[PDB]
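Structure data follow from coords-v2.cif (mmCIF, N, CA and C atoms):
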```cif
data_target
#
loop_
_atom_site.group_PDB
_atom_site.id
_atom_site.type_symbol
_atom_site.label_atom_id
_atom_site.label_comp_id
_atom_site.auth_asym_id
_atom_site.auth_seq_id
_atom_site.Cartn_x
_atom_site.Cartn_y
_atom_site.Cartn_z
ATOM 1 N N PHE Q 1 3.481 -18.612 -11.075
ATOM 2 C CA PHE Q 1 2.589 -18.119 -12.124
ATOM 3 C C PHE Q 1 2.536 -19.056 -13.322
ATOM 4 N N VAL Q 2 3.084 -20.257 -13.178
ATOM 5 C CA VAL Q 2 2.982 -21.259 -14.233
ATOM 6 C C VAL Q 2 1.673 -22.006 -14.014
ATOM 7 N N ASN Q 3 1.133 -22.614 -15.061
ATOM 8 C CA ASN Q 3 -0.146 -23.316 -14.961
ATOM 9 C C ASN Q 3 -1.257 -22.522 -14.270
ATOM 10 N N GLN Q 4 -1.484 -21.289 -14.707
ATOM 11 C CA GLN Q 4 -2.638 -20.547 -14.211
ATOM 12 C C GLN Q 4 -3.112 -19.507 -15.209
ATOM 13 N N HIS Q 5 -4.344 -19.043 -15.023
ATOM 14 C CA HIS Q 5 -4.886 -17.945 -15.808
ATOM 15 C C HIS Q 5 -4.174 -16.652 -15.427
ATOM 16 N N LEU Q 6 -3.650 -15.959 -16.428
ATOM 17 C CA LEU Q 6 -2.965 -14.703 -16.211
ATOM 18 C C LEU Q 6 -3.761 -13.622 -16.921
ATOM 19 N N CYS Q 7 -4.600 -12.942 -16.163
ATOM 20 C CA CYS Q 7 -5.458 -11.907 -16.719
ATOM 21 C C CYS Q 7 -5.006 -10.516 -16.297
ATOM 22 N N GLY Q 8 -5.208 -9.546 -17.181
ATOM 23 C CA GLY Q 8 -4.946 -8.151 -16.877
ATOM 24 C C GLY Q 8 -3.524 -7.912 -16.414
ATOM 25 N N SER Q 9 -3.375 -7.230 -15.287
ATOM 26 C CA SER Q 9 -2.046 -6.883 -14.820
ATOM 27 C C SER Q 9 -1.202 -8.115 -14.484
ATOM 28 N N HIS Q 10 -1.847 -9.243 -14.214
ATOM 29 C CA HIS Q 10 -1.099 -10.432 -13.808
ATOM 30 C C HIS Q 10 -0.273 -11.012 -14.951
ATOM 31 N N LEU Q 11 -0.747 -10.846 -16.181
ATOM 32 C CA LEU Q 11 0.035 -11.298 -17.330
ATOM 33 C C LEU Q 11 1.284 -10.436 -17.458
ATOM 34 N N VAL Q 12 1.124 -9.128 -17.245
ATOM 35 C CA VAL Q 12 2.260 -8.213 -17.308
ATOM 36 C C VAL Q 12 3.283 -8.526 -16.191
ATOM 37 N N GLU Q 13 2.786 -8.851 -15.007
ATOM 38 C CA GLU Q 13 3.670 -9.224 -13.901
ATOM 39 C C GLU Q 13 4.475 -10.488 -14.246
ATOM 40 N N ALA Q 14 3.804 -11.440 -14.889
ATOM 41 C CA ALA Q 14 4.423 -12.703 -15.296
ATOM 42 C C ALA Q 14 5.499 -12.448 -16.347
ATOM 43 N N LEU Q 15 5.163 -11.653 -17.352
ATOM 44 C CA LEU Q 15 6.135 -11.310 -18.396
ATOM 45 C C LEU Q 15 7.373 -10.611 -17.808
ATOM 46 N N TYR Q 16 7.156 -9.695 -16.868
ATOM 47 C CA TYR Q 16 8.259 -8.965 -16.246
ATOM 48 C C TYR Q 16 9.225 -9.940 -15.560
ATOM 49 N N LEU Q 17 8.666 -10.930 -14.871
ATOM 50 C CA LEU Q 17 9.435 -11.931 -14.150
ATOM 51 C C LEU Q 17 10.159 -12.879 -15.102
ATOM 52 N N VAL Q 18 9.441 -13.387 -16.080
ATOM 53 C CA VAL Q 18 10.036 -14.277 -17.067
ATOM 54 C C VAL Q 18 11.157 -13.624 -17.862
ATOM 55 N N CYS Q 19 10.912 -12.416 -18.366
ATOM 56 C CA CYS Q 19 11.806 -11.824 -19.361
ATOM 57 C C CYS Q 19 13.009 -11.108 -18.745
ATOM 58 N N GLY Q 20 12.907 -10.745 -17.472
ATOM 59 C CA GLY Q 20 14.044 -10.167 -16.785
ATOM 60 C C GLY Q 20 14.550 -8.938 -17.510
ATOM 61 N N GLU Q 21 15.857 -8.861 -17.733
ATOM 62 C CA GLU Q 21 16.446 -7.633 -18.253
ATOM 63 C C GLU Q 21 16.291 -7.484 -19.772
ATOM 64 N N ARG Q 22 15.815 -8.526 -20.443
ATOM 65 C CA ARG Q 22 15.420 -8.402 -21.848
ATOM 66 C C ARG Q 22 14.242 -7.428 -22.010
ATOM 67 N N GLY Q 23 13.375 -7.353 -21.005
ATOM 68 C CA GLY Q 23 12.134 -6.616 -21.173
ATOM 69 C C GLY Q 23 11.268 -7.355 -22.171
ATOM 70 N N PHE Q 24 10.124 -6.773 -22.517
ATOM 71 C CA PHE Q 24 9.115 -7.465 -23.287
ATOM 72 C C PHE Q 24 8.153 -6.475 -23.955
ATOM 73 N N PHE Q 25 7.292 -6.993 -24.815
ATOM 74 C CA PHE Q 25 6.262 -6.144 -25.422
ATOM 75 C C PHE Q 25 4.905 -6.784 -25.194
ATOM 76 N N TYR Q 26 3.896 -5.946 -25.037
ATOM 77 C CA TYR Q 26 2.597 -6.403 -24.591
ATOM 78 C C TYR Q 26 1.572 -5.775 -25.521
ATOM 79 N N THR Q 27 0.779 -6.624 -26.166
ATOM 80 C CA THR Q 27 -0.087 -6.158 -27.242
ATOM 81 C C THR Q 27 -1.421 -6.870 -27.178
ATOM 82 N N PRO Q 28 -2.377 -6.274 -26.460
ATOM 83 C CA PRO Q 28 -3.738 -6.788 -26.280
ATOM 84 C C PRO Q 28 -4.492 -6.976 -27.600
ATOM 85 N N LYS Q 29 -4.156 -6.198 -28.625
ATOM 86 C CA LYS Q 29 -4.878 -6.253 -29.905
ATOM 87 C C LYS Q 29 -5.413 -7.652 -30.251
ATOM 88 N N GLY B 1 -5.025 -13.167 -29.392
ATOM 89 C CA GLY B 1 -3.586 -13.239 -29.217
ATOM 90 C C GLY B 1 -3.205 -13.742 -27.836
ATOM 91 N N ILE B 2 -2.074 -13.264 -27.326
ATOM 92 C CA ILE B 2 -1.558 -13.718 -26.037
ATOM 93 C C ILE B 2 -2.373 -13.214 -24.846
ATOM 94 N N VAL B 3 -2.638 -11.914 -24.834
ATOM 95 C CA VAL B 3 -3.396 -11.275 -23.765
ATOM 96 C C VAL B 3 -4.731 -11.977 -23.576
ATOM 97 N N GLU B 4 -5.264 -12.505 -24.667
ATOM 98 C CA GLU B 4 -6.548 -13.179 -24.628
ATOM 99 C C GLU B 4 -6.372 -14.612 -24.146
ATOM 100 N N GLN B 5 -5.508 -15.339 -24.837
ATOM 101 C CA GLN B 5 -5.315 -16.760 -24.611
ATOM 102 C C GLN B 5 -4.912 -17.116 -23.171
ATOM 103 N N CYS B 6 -3.866 -16.470 -22.663
ATOM 104 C CA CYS B 6 -3.355 -16.761 -21.327
ATOM 105 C C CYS B 6 -4.331 -16.373 -20.241
ATOM 106 N N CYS B 7 -5.335 -15.584 -20.597
ATOM 107 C CA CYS B 7 -6.359 -15.227 -19.635
ATOM 108 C C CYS B 7 -7.479 -16.259 -19.676
ATOM 109 N N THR B 8 -8.031 -16.482 -20.862
ATOM 110 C CA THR B 8 -9.156 -17.394 -20.996
ATOM 111 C C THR B 8 -8.721 -18.852 -20.869
ATOM 112 N N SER B 9 -7.549 -19.179 -21.396
ATOM 113 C CA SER B 9 -6.998 -20.513 -21.196
ATOM 114 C C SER B 9 -5.745 -20.441 -20.340
ATOM 115 N N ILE B 10 -4.936 -21.489 -20.411
ATOM 116 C CA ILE B 10 -3.678 -21.520 -19.691
ATOM 117 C C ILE B 10 -2.508 -21.671 -20.664
ATOM 118 N N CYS B 11 -1.605 -20.697 -20.640
ATOM 119 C CA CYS B 11 -0.423 -20.715 -21.488
ATOM 120 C C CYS B 11 0.756 -21.445 -20.828
ATOM 121 N N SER B 12 1.559 -22.145 -21.624
ATOM 122 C CA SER B 12 2.808 -22.688 -21.107
ATOM 123 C C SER B 12 3.806 -21.549 -20.959
ATOM 124 N N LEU B 13 4.859 -21.786 -20.183
ATOM 125 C CA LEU B 13 5.900 -20.785 -19.989
ATOM 126 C C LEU B 13 6.472 -20.323 -21.328
ATOM 127 N N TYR B 14 6.725 -21.268 -22.221
ATOM 128 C CA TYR B 14 7.377 -20.904 -23.460
ATOM 129 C C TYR B 14 6.500 -19.993 -24.343
ATOM 130 N N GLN B 15 5.184 -20.074 -24.208
ATOM 131 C CA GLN B 15 4.310 -19.141 -24.921
ATOM 132 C C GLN B 15 4.514 -17.702 -24.418
ATOM 133 N N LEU B 16 4.687 -17.545 -23.111
ATOM 134 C CA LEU B 16 4.973 -16.225 -22.525
ATOM 135 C C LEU B 16 6.319 -15.706 -22.997
ATOM 136 N N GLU B 17 7.320 -16.582 -22.948
ATOM 137 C CA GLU B 17 8.680 -16.169 -23.224
ATOM 138 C C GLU B 17 8.881 -15.720 -24.678
ATOM 139 N N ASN B 18 7.938 -16.068 -25.557
ATOM 140 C CA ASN B 18 7.939 -15.584 -26.943
ATOM 141 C C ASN B 18 7.746 -14.063 -27.052
ATOM 142 N N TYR B 19 7.330 -13.426 -25.961
ATOM 143 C CA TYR B 19 7.122 -11.979 -25.953
ATOM 144 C C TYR B 19 8.238 -11.192 -25.269
ATOM 145 N N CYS B 20 9.291 -11.884 -24.833
ATOM 146 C CA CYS B 20 10.490 -11.204 -24.344
ATOM 147 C C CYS B 20 11.211 -10.599 -25.539
ATOM 148 N N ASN B 21 11.876 -9.464 -25.334
ATOM 149 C CA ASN B 21 12.607 -8.819 -26.419
ATOM 150 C C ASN B 21 13.772 -9.664 -26.881
#
```
Can the structure in the file be given as structure tokens, please?
Amino acid sequence: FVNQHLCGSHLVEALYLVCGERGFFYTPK
Amino acid sequence: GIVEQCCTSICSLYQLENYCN
């Protein structure tokens, strides 16, 4: 998922993988 | 922001990792 467009749910999937047990926050605003 | 940028353009890994807790 590096070097690609991450749209919609795919950005969330990428964040989940990257951040691991830290978790993350997602803010479309 | 991020949701926009990484969709319309291409973000580096470190831009994503800025949103980890």
Counting only N, CA and C atoms, chain Q residues within 6 Å of chain B, as a ChimeraX atom specification = /Q:3-7,19,22-25,27-29
Mind checking DSSP for chain Q and telling me the helix (DSSP H, G or I) residues as a ChimeraX atom specification?
-> /Q:9-22
Mind giving me the axis-aligned box for segment 2-11 of chain B with 5 Å on every side, centre plus edges in Å to one decimal, as JSON?
```
{"center_x": -4.2, "center_y": -16.5, "center_z": -23.5, "size_x": 19.9, "size_y": 20.4, "size_z": 17.7}
```
Quick one, how far is atom N of residue 9 of chain Q from atom C of residue 21 of chain Q?
->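 About the pair atom N of residue 9 of chain Q and atom C of residue 21 of chain Q: they are 20.2 Å apart.
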Go ahead and compute the interatomic distance for atom CA of residue 2 of chain Q and atom C of residue 26 of chain Q, in Å to one decimal.
->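 These two atoms are separated by 19.2 Å.
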Straight-line distance linking atom C of residue 8 of chain Q with atom C of residue 20 of chain Q, stated in Å to one decimal |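 Result for atom C of residue 8 of chain Q versus atom C of residue 20 of chain Q: 18.1 Å, one decimal.
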